[PDB]
Every structure is written in C-alpha cells, then in structure tokens.
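Given next, in structure tokens, is a single chain: the form deposited without the ligand.
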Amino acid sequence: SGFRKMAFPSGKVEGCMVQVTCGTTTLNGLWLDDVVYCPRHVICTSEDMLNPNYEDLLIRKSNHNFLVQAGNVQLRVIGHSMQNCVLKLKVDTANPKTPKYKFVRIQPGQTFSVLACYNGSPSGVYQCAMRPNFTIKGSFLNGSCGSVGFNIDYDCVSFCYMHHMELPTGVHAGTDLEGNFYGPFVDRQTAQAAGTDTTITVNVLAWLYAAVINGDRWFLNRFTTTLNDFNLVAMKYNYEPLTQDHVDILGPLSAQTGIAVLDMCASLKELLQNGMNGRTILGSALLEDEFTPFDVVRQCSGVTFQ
C-alpha cells in the first residue's frame, strides 16, 4: 500500500555523469562508451547567445579546448561533432560503467526520472513528465545543464531528456539525446515562452484507477459518458483531449478494477465539477497528472530491475 512519486534507482546513470568545461563555462555531460554528450551551448558565452552560429563557433574550437572530468580523472578529448543541439565529444577512454542503454524520444504525457547534477556530481533524483506544451516542471539551478532524464524499464536505461535551459516562467526545456528539442524551443536567447499548458487527462484517469486499487471509491458515480461528451467537458477545464489510444491504454487498469474507462471519465467529469469537498485522493488535494498508466501498474504491482 501507499503511493509515491517514485523515480528509478539512479545508480546506472550516476556512473555516467561527467563535468564538461569550455572556456569559462562548466556543465554536465553524459559519458557512454567513448562519447560524452552535452548541450552544444557549452561552446557559447552569454554574449554569443543572442544570435549564435554554432557552425562558426565550433570550427574555431580544437579538441583540447574541451576539458572533460570524470570524478577527479581527466578524460582526453580526441574528437568532436555536433548533432542537432547536442555536442558529442569523442574521448579515448570508454566508460567502464556504461549500462545497457538506448536513446528514446518521448511523447507529451510520458514520465521519466531526472538526475539533477552540478559539476558532474549527482544532487538528487525526482520524477517529471513531458508537459503537453513540451516543457518539464523540473527543479534546476545554475550549473544543471546537461543533466539527463531517463527510464529504466527492465534493466535497460532509456535516455529521453537532456537539460538545456529554464524558460521565463520557471519551467524547463531541453532535447532528446539526438539533440532535437522537445517543442518549438531553440538554444538561443530569444523571446520564446511556454505555451499555455494543459492537464494530462489519461494520467489523471490512471491515478484515479490507482486510488481505486488502493481502496478509495468515494469519487465514483452512477453515470457514464460518451468519449466526445467527456472531451467537450474536459477541454473547458483545459484538460487534454482523450483519444481512443488513451482508452485502450487504460484497459488493463479497467480490467483490474472492474470500472469501464468511460465510467471513470464520468467520475472525473464530476470531480472537475465538484472538487474534493475537503477530501484527498492518494494524499493529494488536487488531481494529479504526472503518473502514466504504465507508472501505476509499475507501482501498485511489484516490478524491479538489477
């Protein structure tokens, strides 16, 4: 019993975090085999960020301009290349702690763990979601660029996020590990701002199924809804449209609790209408949307990775 924002054990990623220094700039890099990945804006001064030309800035750099430090060991950079918005530094030592990994680009609504690091050293680990507006609500201070986000389903690390910058409203933007930004954001000092965010409807429903699994039924009602009537209502509360894909994905949780997905939609409709009336759901006084269906199955049943 219980329900917690539960991250993956971070050790497989800890062994990968290094410090990258270029000029006066220092941030974090990810060391996998003989390559260190980090944000390409490591090569920029604050004064370059208004209109950087990365091709021009990078061609002026040599291998020994990059100081890579693993623990208190220095790694020799022997090559460098740019792939989209990430810099790949070839070093002549392969990381002996390189886990089983792959790079995955995720969809809005997906969750992952973040290992916040400073100077190549892990600070802490927390859960995040890719918001519908393609930002993440992280906790990041100066020096955190190059921190990564990942899942570790079944003993393989799936890297899905590298941290690049904080937007004016205090949320965060970055790339996948191929260097493509999530959303329309750019590694340039512009007027870019997060779009209006929405609530991840399929996740809220999953969390309501988690509450039922753990013994709370008080928010259910005798009603049902059509998919389209549910969406017409939910979008008036700035909830994301629920698709048939989302219904299908909730199937297993529907089967385990005996509550049809559109019946759970009926309950959410009423919860949006009424609020909680002084009650909580799984310790929260708000409707929580950063647990996916897969997350709920991962936690309300017991599955682990070595």
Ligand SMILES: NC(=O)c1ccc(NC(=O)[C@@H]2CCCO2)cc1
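Numbering starts at 1 and runs along the sequence shown.
One more form of this protein should be noted, the form solved in complex with the ligand, which is absent from this view; the next part is about it.
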{"query": "Residue contact check: residue 107 to the ligand in the deposited bound form, 4.5 Å heavy atom", "finding": "yes"}
{"query": "Contact flag, residue 219 vs the ligand in the deposited bound form, heavy atom cut 4.5 Å", "finding": "no"}
{"query": "Partner contacts for 156-189, taking the ligand in the deposited bound form and a 4.5 Å heavy atom cut-off", "finding": "181, 182, 183, 184"}
